Structure formats: structure tokens, C-alpha cells
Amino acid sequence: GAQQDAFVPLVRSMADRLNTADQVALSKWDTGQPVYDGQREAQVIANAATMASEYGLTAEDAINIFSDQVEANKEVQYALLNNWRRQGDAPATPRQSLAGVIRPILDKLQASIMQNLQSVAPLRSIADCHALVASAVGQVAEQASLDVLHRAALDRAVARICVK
């Protein structure tokens, strides 16, 4: 059970990162900006690569992990936007500044995700890694009352925690 808990702080940090998708979707609903931005996504992933060595990660590992993070985030954004498009309106949740609020959150979580990856480095090649990660996603989704969409995209985000 100690092992079954060991991935929970890492999965929690990815879940916190995933949840910014709700506020980025709102902003893109207001402005009409597209979900995908190739240039910005490439800089996000390259930044991860640059910081990887500070946490004992290889550049390729960080790239895979954060490519997974940005794809899970887009999964949520595309689904929310089309959900709202089908109803004709988006929730009235107050919008948080993308540059002033969401960007610092994503910056802190880049470090916390990498710090957590480093902390759990021993168990990433363990035989039951897939089962443990899947259980951690279950626990975090229960704790955080994530809905089906967000749990599905959390499963996308944790895709390459486990490595052969």
C-alpha cells in the first residue's frame, strides 16, 4: 500500500496541471482563440527539456512527460468547448488571467511534477508500475471528485510515468 501510494503526489501534480484546462477553455471560449498553438506548445515542451537535468531527468524523458501533459490538457479543452458549443453557453465561472494567474501556476507545476518524478524514480521501472499508476489516478480522481472527462484525461497525462 506504501507503493500504491507512492505515485499519488506525482499524479496529484499532473491533476492540478490538468485542471488549468477548464480556465484556458473559458478564455478561448471568450476570445475565439484556437485550442492548438504549435509555437507555444513547442516552447512549453522545450522549456521542460531545458530544466530536466536539474531533477536528474533525461531530456527525452521530460519531453515525453510534458508532451503527454499538453495533450491531456487539449483533450479537456476540446471536449469542454464542444460541450459548451452544443448548449450555446459556457459556465459563468470568473475568468483567471492567463498570463497573471494560469502561467505562474503552470510554471510552479513544471517544477513540482519534475520534483515528484525524481522522487518516484525507483518505482518507474517496477513490474506493477502500470497497476500502481492506474490506482493512483483512481485515488486522486476520488479525492478531487474529478468527473469522467477529467479522469480520462488524467489517464492520458500519466501515460509514460512507467518506463520499461
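Numbers for residues come from their place in the sequence shown, where the first is 1.
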| property | result |
| --- | --- |
| Entry-level comparison of average CA B-factors, 101 to 109 and 65 to 73, reporting the higher stretch | 101 to 109 |
| Stretch with the greater mean C-alpha B-factor as recorded in the entry, comparing 134 to 142 against 45 to 53 | 45 to 53 |
| Within-chain third of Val8 by Cα B-factor, per the entry | middle |
| Chain-wide C-alpha B factor ranking for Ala121, given as lowest, middle or highest third | highest |
| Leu26 - Cα temperature factor, lowest/middle/highest third of chain | lowest |
| Relative C-alpha B-factor of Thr93, binned into the chain's lowest, middle or highest third | highest |
